[PDB]
């Protein structure tokens, strides 16, 4: 055993030791209890960043902890390979997205291996390979025939300069983010998953996820947005029926979740596309311009509430069916066509958005709810205005004195008896649009035949292979310009037909990959029945909070779809969920010659803050998440090259709890490396005193008080670390606990015969308690202390007798 700790001399040897023993290569072995620990697989972007290292170190800590406790642990890794980054690098570097992807995969796989993650690489998947996406094409065809996947026209944002479709996030002031050209709204046929058919299942099954953060489940409930409200029909006044057709000439239908406040409606609002808006705008040009501006908007869902609410009056009126009030119809920008009836009522006294809307236009506010003896001021909104449980009705005629649920049922009775309304349940959730006008994605297995219609590709002909010999040029997605791809024969009639050229939303690959890991080479289905029944569901899932809504919902949706097809037998894909925090770092910049800022990487800066190149000052700016935006990313490969994998892993687990943001710190890195030197020196100095002995065990009567105190600290540390790994999942406090054990060990004279035995017991436990976090150095130090295989010695047991004081 060498005196000094040298990671480059031990880390490759420890990795070869694990790989030779195949401790991470697992099968469906019924002799050991399974454990499925999964970290969200990465985009093969080029190289790992610090977020990857934190996520996969966390997953490796939990996996190795369960491994030491005797579980048959599967920790798989793969590549979410489809998407736009490969197309953009293709347009910048004149390479094929496939070639760019596969080279990134090879390099990033080397980095992951150098970090010592206990990963079953024999289960690796690449989602851009036909052997993977053939099965999501298969599920697509099966659901398309059942109507769960359907085709209908939708509206997209067309950029005519870049010749591409853009998301709402890519539109700024009505113009493309890169081209700067005005975007055009176009109706094109697209495919949709009928996810609203599973809305009630996806909402209620969240209650089963006892080991998910309540934050994530709340976000999913709000996204699904179930409401039990009332359909209310307002009869159109006789003086307001010009230009109206059908039922729109008879009544205005609306949906409200507050029918107990129907006596407090002071106006109604309709969407820009509503027929009442169209009829009233046929004359007035200001209404036409307001309708045009609403349609030209491209506001994303995450900013819908922040959008300034505006409206225009129409001069048309409707009648409240409960009190006969004649209310004016307004066109408003917050009423969205396709959501319910595309029309709402407004009770400014008990809905804060209606309050601010009415306060802006001086529209009437009428109180209909009272809570205690609270004072109502029509000029200032108070939180009790919207109270839905402790409120009682006022100014509502025959409904006065009722609470929410009683007034709800009475209003429903009044409306139904006169045919003016009925109860109704609504969901904010929209159907899942999966069509993408992009090349680097999974082809949609549909053939268009003018005789047979939109025909799904048969199962024998799957997959529809995406050609990899493609370099996108920019002037449109190349698939729609490659007759060698889309020209084909109809699988139903053999006649001339055309393949679909749109590709799938890349969220689809990530919606079922956790199942594919169970049998990644199975060629007769998405997942083999024998492996699905063994591994069941993912026991532990680790990823970033940015996937709390869409990805998780999609994955839960796919699981229930695959269960209904009979491929799996679990209702939920992920039992436990851990959301890791961001990795942030200081920023540095120099002022431009044009009044701007040039952002400088931290690796090119030395703190006396001075640029390393010319020794000239640099401005220290705010700390934020690492990104290429302000050029503040710290390359983990340089951290590995300079300190080793164990130092990188230890710093990430010690700097902050997994949920809390991790602040990059040079001294924090150095403190981690110096602790590994201390651990190395501790075992070296111990073995230099007389070599290893048998660790203390059994009756501790007769041990000195100092050695009894060390054993108490030892097994209290084991219980604390076990609770930190297994229950709390706070790895920073576990490292501190082992440090406190080593501190007391340093203060204890362990030179006697019984002292050596206790010292052996301390060090054998300490290297095993830290093995999940820093396995390279712990595997090396364990082999110097004991000749048994560390993974066969197992997780340290707590000696209860060591915790009983006299």
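Positions refer to the first chain, counted from 1. So that the term is clear: the rigid core is the largest set of C-alpha atoms that superpose within 1.5 Å between two forms.
Once the rigid core is used to overlay the structures in 9 other deposited structures of this protein, the stretch among 289-297 and 546-554 whose CA atoms lie farther from this form is 289-297. Fitting each structure in 9 other deposited structures of this protein onto the rigid core and averaging C-alpha distances over structures and residues, 304-312 emerges as the more displaced of 304-312 and 102-110.
Looking at the other PDB entries for this protein, residue 178 is present in the model in all of those that include the residues around it, rather than absent from a third. Per the records, residue 573 is modelled in every other compared entry, just as the shown structure includes it, so no third of them leave it out.
A chain break between residue 608 and residue 609 is present, corresponding to 4 to 9 residues of the deposited sequence without coordinates. Legend: mean Cα B-factor per stretch from the PDB entry, 481-489 versus 74-82; the higher mean is in 481-489. Legend: mean Cα B-factor per stretch from the PDB entry, 244-252 versus 428-436; the higher mean is in 244-252. Within the listed group 261, 592, 220, 333, the record reports its top CA B-factor for 592. In this structure the maximum Cα B-factor among 207, 159, 283, 571 is found at 283. In the deposited entry, the Cα temperature factor of residue 380 sits in the top third of values across the chain's modelled residues. Per the deposited record, the Cα B-factor of residue 24 falls in the lowest third when ranked against the other modelled residues of its chain. In the PDB entry, residue 197 places in the lowest third of its chain by CA B-factor. Among the modelled residues of its chain, residue 752 has a C-alpha B-factor that falls in the middle third according to the deposited record.
Per the deposited record, the Cα B-factor of residue 517 falls in the middle third when ranked against the other modelled residues of its chain.
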